[PDB]
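Below, in structure tokens: the form deposited in one PDB entry, a single chain.
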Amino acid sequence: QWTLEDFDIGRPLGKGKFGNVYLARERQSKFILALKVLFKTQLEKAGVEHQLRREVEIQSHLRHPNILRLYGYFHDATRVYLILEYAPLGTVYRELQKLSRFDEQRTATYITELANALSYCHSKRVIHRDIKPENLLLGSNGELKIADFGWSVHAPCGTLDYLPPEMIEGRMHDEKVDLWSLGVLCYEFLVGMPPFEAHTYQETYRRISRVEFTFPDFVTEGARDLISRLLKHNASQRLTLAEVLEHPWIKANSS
């Protein structure tokens, strides 16, 4: 039954649309964690109070080294606080801006670690639906840790960039949506920008719908194959996580 007075609030770890993330310390144990501060008025305004309660429920069951822990939550009067595992090496979004693009060795490792986290998620029938660089964090030893199960549902906001055709059209969708997103991620890791980037929402809609993307000259055939086999309009055709993990290019470049 946590209260704010139990925690030493430290430095900001990031700013979000719904609230801010701060580094924190549990006064008794001296344990280092992260506290995301959400406003209650903001949550009730967009009608997502149930989604947050669903996220906490989903995260109370999941345990995996490539999934950022959510320990529980508390509120006072005006704000809601999420007790979170701290990811010392920040976001992948930030690492991507810092390095422009990743090499194949780093990319494959991230895809391998993501696939594992998704494999564990999909087996428990949990679909993430929001796989993007800003929702991927890096642990002490540089491992990928997936976070933000707010838009997660059971089997079967920002830009549209990572959302599959079935999701952007407002149709039915299963575990295969995390596979399209994984494909999109793999492309942005190597290229530096997502395959369907546009200056307008409406153009991005056209690109995703018709699956209109190209590869720059530096992308290898092994990466070209993987991404192409993932980015398919037909959800039931897309490669499985097991095939992704056993993919020649993935096996070659992964650690």
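The term rigid core refers to the maximal set of C-alpha atoms that superpose within 1.5 Å between the two forms. Sequential numbering from 1, following the sequence displayed.
Although it is not shown, the form deposited in another entry is what the next lines describe.
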**Message:** Shifts of 2 Å or more at the CA atom, core superposed, between this form and the one not shown: which of the listed residues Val184, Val177, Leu82, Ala115 is the one?
**Reply:** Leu82
**Core-superposed C-alpha of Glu44 shifting 2 Å or more between this form and the one not shown** = yes
**Request:** Please say whether, between this form and the one not shown, the C-alpha of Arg53 moves by 2 Å or more once the core is aligned.
**Result:** yes
**Request:** Superpose on the rigid core, then tell me if the C-alpha of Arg206 is displaced by 2 angstroms or more between this form and the one not shown.
**Result:** no
**Item:** Sense of the change in Cα distance from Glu55 to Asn135 in the other entry - at least 3 Å versus the shown form
**Value:** farther
**Prompt:** Between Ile250 and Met167, does the Cα distance in the other entry come out closer or farther than in this form, changing by 3 Å or more?
**Reply:** farther
